[PDB]
Every structure is written in structure tokens, then in C-alpha cells.
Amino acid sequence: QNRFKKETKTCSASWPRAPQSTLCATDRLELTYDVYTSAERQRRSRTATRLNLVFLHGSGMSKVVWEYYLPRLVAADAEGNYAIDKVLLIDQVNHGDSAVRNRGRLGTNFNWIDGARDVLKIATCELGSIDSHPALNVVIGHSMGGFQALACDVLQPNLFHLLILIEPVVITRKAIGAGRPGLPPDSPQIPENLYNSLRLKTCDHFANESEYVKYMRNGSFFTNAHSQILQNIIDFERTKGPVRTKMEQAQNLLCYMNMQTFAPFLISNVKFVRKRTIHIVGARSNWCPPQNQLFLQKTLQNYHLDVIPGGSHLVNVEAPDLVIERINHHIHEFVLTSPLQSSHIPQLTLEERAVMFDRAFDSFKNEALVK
């Protein structure tokens, strides 16, 4: 990929966090993310909208699943006068390179809302320079990342203009079974059959390189991923003669075991998400129950569904070309209808600012005053 300069950066994770996010209360987690910056900035006119994209991986994956997307994303468009300026590919604290940095620090409580706070900490930093203006920011999330896209807007509704959710996980199936007695209403839970079956597809450690690649291509969740994305997954996860993955099996499993302790907060707040939100689903997906999709449709005021024919829950890695075509379509249409868009850095004195404010205030007072 030769379109964007790549830099890997590391910073501290958001703090504070849910109890038992770390092993010890004095531990502090870090985040590692890759920033991709356009090398096309000398082709931008003054009036050109900068598009910034932030991609949030699914449970048990990493930022690497989006690398295939980078050269295939929305070309700079002449008259619509926009271009991609930055793309951020983020690993949650217990995934990918962030997990490696956080070895020995992670606890049992991974709260996806804490992870949305991490996203905000990164993106508000990276997208916040007076340079990034006039900007339009887009968050694209798969699975957990889709939940987190929504939670980002809830917690900071002035950052993302467009949400693209690919198979978001919001409403899960409630376990029926028996089942620990005396628990508070919203206690962490997972059905045994789901745990066992996830355990068999989340292996972490292997005798050698041959057994590692054999498992990745035959026994992991990624066997049907686009061959280039699978190869990228294989190469990114490998750590070292036995082989261990960056993704820890326990951390992978914990992504499934704690939903009740944070999903109600998100569910209760989807009604505040006023942004255009694209919901991309795989037609063959039964990963989430019907109520998951229908809740989003009923609750998001500005909502569009795209169904990927043949797609599974992992449609982002198994049919990336179809997913990319949608993401490009929606970003293009969104920019075309987006309000202008002032791009001059104001050269105003304090006195000019005073006259302008007083005028703004008079206008606002006239609109607010109930006579």
C-alpha cells in the first residue's frame, strides 16, 4: 500500500475504567494504533473537505482486518471536492498490538464502553488539529466495533458525522439454563454451549509454525476470509519453536461473557444517535437475534440498511470488496449532500470578535426569547 504514510503510535488508555479492567488497581493500560496520512495534500484546494476514517475491529480480531481496505477506499473526487486525509486503525486494549503492550496488565472485565472511551481519546487527539478543518469524520465498526461506534456518538456526539456499522452486536440472546443463584439483574453470563464452541475456535498457542498455519486456515473463525486478509491475519498474529497469537484466548472469550454489564446503557441511548447511520448486514448471518437488527431500525432516526447477498457475520473479512463498495457509495453520497464547509483560518482581532459575537448573541436571543 503506497497511498498513505503509515505511523504506529502508542498512548495511554482512557482512565478510569470498569472495576477489574486491570489485574491490579495501579496498572495502567496502553493503546497502539496505526495512523495513515494522505500524501495528496498538495492536490487539495482550499475548499476541499478532508475525510477522516476511523475503523473499529470486531471481537477477537484486530486492526489488521482493515488493511486490505486502504487502497480500495473512496478515491479523491474532483467536483465533490473531498479526499481522505487520515485513516485510523485502532486495536482495543485486549487485542492485537495493544494486547502485546498490555501483557500481564489485563483483568477479566472488558467493558466495551471503556473501549469506546479509548477510541474517543485517540480520535479526538488525532483529528483535533486546526489543520484537519474542514473535516468530515466517519466511523466504521464491525461486531463489537459497531457497538463502539454507536457508543462513541453517545459519549461525544460532535465528532463523527457518519456511522457505518457492519454486523453490529447490540442485543444478544439471553441464556436459558441453570445457572448461578442470587445474582444481580445484569450480571455477566454466557451459555455453556456458546463458551465451549467459541473455545474450540479461539486457540492461542501451537506446538510449531506448521500447526499454527494449519489451525488458522482450518480451525479458526477466519477460514473463509478473503485469502489476502487471512494471510494478513496470519502474519500479524504470529508471535514466537512454538507460536502464540497476539490475541489471547482468555481475552477473546471475555469479549462474549460481560455484555449485560454495559449493553443496557447503549441500548437506552441509541435514540440520541442522530447521525446518518448505515447498517450493513450479511444476508446469511444469524449471529445476532432478529431483535438486534430490528431494534436499530426502529431506534436510529436516520437509518439505512444494506444487505450483502451471501454474507455471514464476518462479511467484513469474507466479502470485503462488496463491503467496500458500500462504504464508498455511502461516503460519496454523504459528502455530496453535506452543508458547506468554510475553510479559511479566521484572521480576526479581539475587537472584530467582539462585534461578531454581539451580533450572534442578538440573533440567538431573538430566536430563543418567548415573548
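So that there is no doubt, residue numbering starts at 1 and follows the sequence shown.
Novice: Classify the number of deposited-sequence residues missing from the model between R103 and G104: none, 1 to 3, 4 to 9, or 10 or more.
Specialist: Gap between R103 and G104: none.
Novice: For the higher mean C-alpha B factor in the entry, choose 207-215 or 88-96.
Specialist: According to the entry, 207-215 carries the higher average C-alpha B-factor.
Novice: What stretch has the higher average Cα B-factor here, 75-83 or 285-293?
Specialist: Result: 75-83.
Novice: When the CA B-factors of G241, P157, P264, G141 are compared as recorded in the entry, which is the largest?
Specialist: That would be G241.
Novice: From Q148, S187, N252, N269, pick the one with the largest CA B-factor in the entry?
Specialist: Top of the list by C-alpha B-factor: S187.
Novice: Within this chain's modelled residues, let me know which third the CA B factor of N137 belongs to: lowest, middle or highest.
Specialist: According to the entry, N137 has a C-alpha B-factor in the chain's lowest third.
Novice: Sort the modelled residues of this chain by their C-alpha B factor and say whether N52 lands in the lowest, middle or highest third.
Specialist: For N52, whose C-alpha B-factor we compare with every modelled residue in the chain, the answer is the lowest third.
Novice: Grab the CA temperature factor for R44 from the record and place it in the lowest, middle or highest third of its chain.
Specialist: It belongs to the highest third of the chain when residues are ordered by C-alpha B-factor.
Novice: Name the third of the chain's ranked CA B-factors that contains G115, choosing lowest, middle or highest.
Specialist: For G115, whose C-alpha B-factor we compare with every modelled residue in the chain, the answer is the lowest third.
Novice: Sorting the chain's modelled residues by C-alpha B-factor, tell me whether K201 ends up in the lowest, middle or highest third.
Specialist: Its C-alpha B-factor belongs to the highest third of this chain's values.
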